[PDB]
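Give me coordinates for this.
(2 chains)
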Amino acid sequence: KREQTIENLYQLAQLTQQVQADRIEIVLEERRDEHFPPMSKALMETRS
DNA sequence: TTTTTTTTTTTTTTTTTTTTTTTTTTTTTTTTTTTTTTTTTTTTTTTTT
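Residues are numbered from 1 along each chain as shown, chains lettered A, B, ... in the order given. Next comes the structure:
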């Protein structure tokens, strides 16, 4: 009588792999299109 | 006697770091109002003269 239980767990898993893909899309929107902010030639003297 | 190119003066503009002030939010704070236990007052009955 675990039919309900397991199929319902798969139904959460099925609607939630959608959430995983949604997070991946959130990344794609958030993917940088940019790099690490550069140095100012004085932070060069400071840290380098 | 003339011309060309480069190394020095100075001048202009931008970014990063570090200057101040105000507002919003959070913390300590007595007055007023509300809640509970209580010592004084009121009522009735029984017994005795």
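
CA only for contacts and neighbour counts going forward, please
OK.

Show me what secondary structure element comes after the one helix or strand residue A:8 maps to.
Secondary structure from DSSP states H and E places residue A:8 in helix A:3-30. Using DSSP H and E, the helix or strand that follows helix A:3-30 in sequence is helix A:43-47.

Now find how far off-centre the helix holding residue A:8 is within its chain.
14 Å (Cα atoms, centre = their mean, to the nearest Å).

and residue A:24, how many residues sit next to it?
13 (other Cα atoms under 10 Å).

Distance of it relative to residue A:32?
Look at residue A:24 and residue A:32: by Cα to Cα, to the nearest Å, they are 14 Å apart.

same thing with residue A:41?
Going from residue A:41 to residue A:32 by Cα to Cα gives 24 Å.

cool, and residue A:21?
Residue A:21 is 18 Å from residue A:32, by Cα to Cα.

Could you do residue A:38 as well?
Distance from residue A:38 to residue A:32, by Cα to Cα: 15 Å.

got it, and residue A:11?
Look at residue A:11 and residue A:32: by Cα to Cα, they are 34 Å apart.

how far out from the middle of the chain is stretch A:35-48?
Per Cα atoms, centre = their mean, the displacement of stretch A:35-48 from the mean C-alpha position of its chain is 29 Å.
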